[PDB]
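One chain is shown next in structure tokens, namely the form deposited in one PDB entry.
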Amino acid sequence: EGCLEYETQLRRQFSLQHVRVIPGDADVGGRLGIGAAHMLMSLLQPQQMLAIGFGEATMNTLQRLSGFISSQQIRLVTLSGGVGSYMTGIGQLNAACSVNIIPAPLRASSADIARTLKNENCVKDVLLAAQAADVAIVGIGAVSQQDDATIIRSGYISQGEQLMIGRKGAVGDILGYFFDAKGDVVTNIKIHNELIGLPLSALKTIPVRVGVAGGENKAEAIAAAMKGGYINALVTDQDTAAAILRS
């Protein structure tokens, strides 16, 4: 319904490997989890390793994917710290499920503390495992969401921080790393050296990296994520796909 054509155009414009565009009406957050869970069911082979990001679209996707995770013995690994944030999509599975979790906060209070935690063995071990995954699933945050962004509502940055990240040219983020409209990570940003998880440069080792995000206010962030290479597959909705293509 224009969805096949959007998929084709996004695929070619951003040189993607896989794309799914969901129709334009009741539950978009929810049909996005379904769309992405389907895409993951078709990419993942039994016993493969899935690296999981933070936030609402990803947790929604994981809840929907749980019987597939058990049935196919998929191994999960956290791309980010914070632990507890993942209990909604993990308080959800079974004890035979291998779940590999970074045992640290998502963001440390100083960059020196982030570097110390990243060198602890039990942390370093999981960071390697995550970079070795077969597929990644991640959300995409947008500066233009303002107070509605997950990163603000969770408390991981302050409003003052968000304002300055915007002033500095960032349009969006993956895993708390903010990039400009061309897709380059923005240089001068305190949270980037405080985060404990895998940097975006390392996420790119994973061969299939699926972003799941929608809402027209995310269109610029999603375009820039693709231009930067962070994701090479996308699950989004029809209005957002339109907006992305005109960006």
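From 1 onward, residues are counted along the sequence shown. Only residues modelled in both forms are compared. The term rigid core refers to the most C-alpha atoms you can superpose between the two forms while keeping them within 1.5 Å.
Omitted here: the form deposited in another entry. The next part is about that form.
A 2 Å or larger CA shift between this form and the one not shown, after fitting on the rigid core, occurs at just one of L128, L163, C122, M87, namely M87. Taking 2 Å as the criterion, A108 does not count as shifted between this form and the one not shown: its C-alpha moves by less than this amount when the rigid core is aligned. In this overlay on the rigid core, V99 has a C-alpha that sits less than 2 Å away from its partner position between this form and the one not shown. Here's the thing about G91 and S66: their CA atoms end up at least 3 Å closer in the other entry than they are in this form. Relative to this form, in the other entry the C-alpha atoms of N121 and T88 approach one another by 3 angstroms or more. Core-based superposition between this form and the one not shown shows that the consecutive residues, three or more at a time, whose C-alphas shift by 2 angstroms or more lie in one run only, 87 to 97.
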